[PDB]
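Protein chains in written order, with my numbering: chain A, 1 to 267; chain B, 1001 to 1221; chain C, 2001 to 2210. Every residue, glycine too, gets a C-beta built ideally from N, C-alpha and C.
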Amino acid sequence: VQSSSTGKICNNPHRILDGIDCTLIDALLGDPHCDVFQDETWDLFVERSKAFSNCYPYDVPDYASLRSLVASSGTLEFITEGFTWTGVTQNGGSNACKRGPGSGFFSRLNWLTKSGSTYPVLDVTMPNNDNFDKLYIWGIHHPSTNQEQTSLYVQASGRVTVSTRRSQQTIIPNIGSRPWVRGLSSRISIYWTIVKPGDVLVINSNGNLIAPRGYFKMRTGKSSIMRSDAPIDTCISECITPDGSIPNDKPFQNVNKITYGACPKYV
Amino acid sequence: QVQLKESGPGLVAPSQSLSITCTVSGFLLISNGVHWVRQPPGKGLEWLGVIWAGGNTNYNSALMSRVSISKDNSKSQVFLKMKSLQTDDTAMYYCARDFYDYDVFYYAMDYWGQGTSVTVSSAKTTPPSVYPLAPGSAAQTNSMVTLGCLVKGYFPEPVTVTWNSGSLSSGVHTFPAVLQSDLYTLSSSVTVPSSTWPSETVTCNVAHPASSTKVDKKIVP
Amino acid sequence: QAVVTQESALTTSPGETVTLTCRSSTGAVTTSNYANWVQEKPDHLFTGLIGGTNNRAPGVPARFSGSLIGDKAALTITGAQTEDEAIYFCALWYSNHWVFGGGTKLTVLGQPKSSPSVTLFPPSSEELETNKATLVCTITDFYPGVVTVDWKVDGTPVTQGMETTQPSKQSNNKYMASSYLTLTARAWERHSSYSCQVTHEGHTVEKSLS
Ligand SMILES: [Zn+2]
Ligand SMILES: [Zn+2]
Ligand SMILES: [Zn+2]
């Protein structure tokens, strides 16, 4: 049985993307310190421990699942789109996610807010004319107070509806004070939608929308994500495990249940 | 960095239409609003209106019937259009950036433009009549006799007062023009010693570029 | 919408702690108003100083502070320096409509008080030939920069045809100003004595003619 690792994860021959201090999801939404991972691609994306978010307090229900779907796709290729938000102020941002000289936010998200006196009833529609699926990612904002709610979105209680021809998610914000994170008691909640060719993404809301800037090009799940603090070395190796590289010469390995590439069967 | 510039006419006759432009740089009009503030000569500031990032506008109740703020988001230009202009409108027109903080929730005008002056007058370029000004009432007080020189009704600004073509400099005090009737009147005074006037000639020089006229006038006692 | 009112001008000296104020005809100035304090420097080059009542704008030195003092908003320069001389505008938000104040002129005494040199000039024969008479009173070299000009005809007080320029800084930093009395030759003949009364720092220095 194969029962030992070098301890490193060889840079060759699988394109191994070390996220350093960004997890995949932070790199996806675009946490200011993961701007480096934009449009990056991989066979295996290793998430380290250092990893810490550092932007607007958010939670992703269906995290491990959204995490996996992106991990497999192996590309982070984002495609901007011409969304037309008429009646609201775009590019919103904050001090808990500074960028450049001040207030910042997730590069891949567009915080809409009221336009002076009002927040109209938003209702865009974006058709998928292309020959590949689209993975839009959006969010809903939960102010912690009715005051906050009304300063930003006017309406006393907002709503976000993200429909396609076959689905229909209608989440409604939930005002309340969550624990403080980077000075905030507020939170955004990350959701998603995949649009199949010949389909139409339809966003209708009247409050709390955290609008998409475009879509993520999805290829086929050949890649994979893995958590490890294993060093990376310049070497050739085919079987990668959280522990490192283990030769695929023997038919059964017992090093770990998780591995990448032509690997010995786990025991 | 943020930056706002206003480019306008400078001079428009009453009953025409004023059209200032605020060309913003370093931020997007969809990210912020742009405000219009005017400062008439020797007055306080006046808020004209505002065009929000969302395109909707809010005008100053008073002037609203004549104002109209627009913008071309793709060009980075905000447009202040005023019609039925009347003399009162002579003022400095400023456009300042609307800011809102998302964490504390407050509005503020942070980036002010440089401004652009607009004079509303129906007057044609008219050179200045220049009347010399002498003491008259010789009290014989002290050694410093003071001569003057009135530069009446010209347009537009500026005129250039000078005494003895520059020979006299010490205390040439040339005051700012005023607006009597519809033209700019102005004056300037040079002080000399009693042992210089009428002994020597102290002459006044008023070059007015806009109407290529340049009058010299010797101030007699 | 409402009327923001504030001190016309205020004169301080380096070191002192001045406090401009900002009142609302419509009542007390709450946080709802977002009291903005703009600073107008020479030749109208405005600069934001404080926003949302007390949030100090970046460049602004620590010595400037925003606050609510009772029912009006305030700004407090703690340790004014000559470089604080400026017109300080206060602006109050009232429902998607701004309302500025009249502005305050802040003097920061950096030189000795200088008394004006007043001069009254009688109309020129020339100007009179064309049947108009314009009295020119040139007030100069005063400090601090502020005077009040008053005209008098035969001892009685004038209330027409007088126009006074605002004070203008000089090279030597003292001040110059000017006033005009405009009457028709006919009206200029109608009286005997004309006077220009320059009031600066309590005293009034007048000049007169006939
Ligand atoms: Zn492989
Ligand atoms: Zn002098
Ligand atoms: Zn009389």
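Below-7 Å beta-carbon distance, residue i vs any chain A residue
i	result
B/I1069	no
residue 991 of chain B	Not covered by the structure: residue 991 of chain B. The range shown for chain B is 1001 to 1221.
B/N1060	no
B/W1052	yes
B/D1072	no
B/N1205	no
B/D1088	no
B/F1099	no
B/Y1154	no
Closer than 6 Å: residue i CB and nearest ligand 3 heavy atom
i	result
C/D2154	yes
residue 2211 of chain C	Residue 2211 of chain C lies beyond the range of chain C shown here (2001 to 2210); nothing can be said about it.
Whole-angstrom C-beta distance between residue j and residue i, which should lie under 8 Å
i	j	result
C/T2119	C/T2182	So it is not a contact: roughly 17 Å between Cβ atoms.
B/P1041	B/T1090	7 Å
B/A1053	B/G1033	5 Å
B/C1022	B/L1004	6 Å
C/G2048	B/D1110	5 Å
A/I236	A/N12	5 Å
B/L1150	B/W1197	Not really, about 18 Å apart at Cβ, beyond 8 Å.
A/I190	A/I225	About 17 Å separates the two Cβ atoms, so there is no contact after all.
C/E2163	C/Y2180	5 Å
Residue i Cβ short of 6 Å to ligand 1 heavy atom set
i	result
A/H14	yes
A/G221	no
A/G261	yes
A/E47	no
A/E81	no
A/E238	yes
Cutoff 7 Å: residue i Cβ touching any chain C Cβ
i	result
B/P1176	yes
B/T1125	no
B/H1173	yes
B/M1064	no
B/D1110	yes
B/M1092	yes
B/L1080	no
Residue i CB to nearest heavy atom of ligand 2 below 6 Å
i	result
B/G1171	yes
C/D2141	yes
Interface flag, residue i vs chain B, CB-CB below 7 Å
i	result
C/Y2034	yes
C/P2058	no
A/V88	yes
A/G116	yes
C/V2136	yes
A/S163	no
A/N95	yes
C/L2209	yes
A/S73	no
C/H2203	no
C/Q2197	no
A/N110	no
C/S2065	no
A/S157	no
A/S49	no
C/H2200	no
A/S3	no
A/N91	yes
Any non-hydrogen atom of ligand 4 closer than 6 Å to residue i Cβ
i	result
C/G2051	By its list of ligands, the structure shown excludes ligand 4, since it contains just ligand 1, ligand 2 and ligand 3.
Per-residue contacts from residue i into chain D (C-beta, under 7 Å)
i	result
B/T1146	Absent from the structure is chain D; the protein chains it does hold are A, B and C.
Considering only residues of the stretch 107-131 of chain A, which uninterrupted beta strand (DSSP E) runs meet the minimum length of 3 residues and lie entirely inside it, listed in chain order? 109-114, 123-128
Which parts of the stretch 1018-1054 of chain B are runs of the beta strand (DSSP E), unbroken and 3 residues or longer, counting only runs that do not cross its ends? 1033-1039, 1046-1051
Of all the beta strand (DSSP E) runs that stay within the bounds of the stretch 69-104 of chain A, which reach a length of 3 or more residues? Those beta strand (DSSP E) runs which fall completely within the stretch 69-104 of chain A and span 3+ residues are 78-80, 88-92, 94-99, 102-104.
What alpha helix (DSSP H) runs, 4 residues minimum, are completely inside the stretch 141-178 of chain A? 146-153
What are the start and end residues of each continuous beta strand (DSSP E) run of 3 or more residues lying completely inside the stretch 1152-1221 of chain B, in chain order? 1160-1163, 1178-1180, 1183-1193, 1203-1208, 1213-1218
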